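S.K.: Fold the following.
(one chain, ligands or ions: 1)
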Amino acid sequence: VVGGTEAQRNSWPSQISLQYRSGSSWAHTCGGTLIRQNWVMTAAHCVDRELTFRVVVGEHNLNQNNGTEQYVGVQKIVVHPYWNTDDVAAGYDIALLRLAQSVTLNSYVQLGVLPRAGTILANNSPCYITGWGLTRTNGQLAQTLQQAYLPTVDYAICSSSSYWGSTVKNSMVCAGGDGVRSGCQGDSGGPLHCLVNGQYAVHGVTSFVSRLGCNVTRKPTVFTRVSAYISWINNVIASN
Ligand code: NA
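M.R.: Residues are numbered from 1 along each chain as shown. Shown next is the structure:
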């Protein structure tokens, strides 16, 4: 997250760190949202590589013991069947991860609530992106979980020629684009939390930013629209 602030450690208890095994250690690669005690929602593109993945819930500082973490292996990966890794603009950038164990819930570890199917946010709706992704274009990962306030940009504006044009689909949510605050590499797969009727819900799964940089004016961060995939999510969980 470029232009973020450090999150309080109990603000976003559904945020997870998706990590892969790297030598004798683990490396953060993406975010995710805990949606059942044994299921995480992330971006399909985060699990394109043939790696050993784990999830960390209750994580705050990637580089220090928080005293709250639970580390769990990924047992099964179910990518959306229409996902195509060389065409992120087509959409379908979503995957579910079944965890090897069911995590224990507490103030640091909670299920993300999802919007009702079909819900579309009005333009300029209040949301936060969260994650440990780069804090500058071509920068480095954050140590501590970051948040940035990113107002939605509705489809009509986001798919206009000076924004994303044809590349944004109605199956996506756009947020931000102010040239200061954005998602960045390593935030993919994590949540966009939007405040609706007094309650935050996870309306987005971070999918992409501009090839020209993270915080680029009129290139808002683009997220898979969770509310387009409710039936898919429920179907996967019910059949696994
Ligand atoms: Na930690």
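S.K.: buried sites along the lengthiest helix in the chain?
M.R.: Ranked by number of residues, the top helix in the chain under DSSP state H is helix 230-238. Neighbour-count burial for helix 230-238, counted by 16 or more other C-beta atoms under 10 Å, picks out 232-233, 236. Heads up, the C-betas are built off the backbone N, CA and C, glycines and all.
S.K.: what's the offset of it from the middle of its chain?
M.R.: Mean C-alpha position of helix 230-238 versus that of the full chain (C-alpha atoms, centre = their mean, to the nearest Å) differs by 18 Å.
S.K.: and it, C-alpha only, in PDB?
M.R.: C-alpha atoms of helix 230-238 as PDB (Å, rounded to 0.1, in the frame of the first residue of the first chain):
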ATOM      1  CA  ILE A 230     -21.200 -15.100  -4.000                       C
ATOM      2  CA  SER A 231     -22.800 -18.200  -5.700                       C
ATOM      3  CA  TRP A 232     -19.400 -19.400  -6.900                       C
ATOM      4  CA  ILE A 233     -17.900 -19.100  -3.400                       C
ATOM      5  CA  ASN A 234     -20.800 -20.900  -1.800                       C
ATOM      6  CA  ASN A 235     -20.700 -23.600  -4.400                       C
ATOM      7  CA  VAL A 236     -17.000 -24.200  -3.900                       C
ATOM      8  CA  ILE A 237     -17.200 -24.400  -0.200                       C
ATOM      9  CA  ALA A 238     -20.300 -26.700  -0.300                       C
END
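S.K.: which helices and strands does it pack with?
M.R.: Under the contact criterion of 3 or more C-beta pairs under 8 Å, 6 or more residues apart in numbering; DSSP states H and E, helix 230-238 touches strand 95-99.
S.K.: for the chain, what spans make up the helices?
M.R.: For the chain, the helices defined by DSSP H cover 155-158, 230-238.
S.K.: Next, format these as a markdown table and append distance to the ion.
M.R.: Formatted as a markdown table, those follow (distance: least, C-beta to the ion, whole Å):
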| stretch | distance to the ion |
| --- | --- |
| helix 155-158 | 35 |
| helix 230-238 | 28 |
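S.K.: between those helices, which one is nearest to residue 79?
M.R.: helix 230-238 (9.9 Å; C-beta to C-beta).
S.K.: residues in contact with that closest one?
M.R.: Residues outside helix 230-238 that contact it (C-beta atoms under 8 Å, 6 or more residues apart in numbering) are 35-36, 39, 41, 78, 80, 94, 96, 114-117.
S.K.: Tell me how many other residues surround residue 204.
M.R.: Residues lying near residue 204 (other C-beta atoms under 10 Å) number 29.
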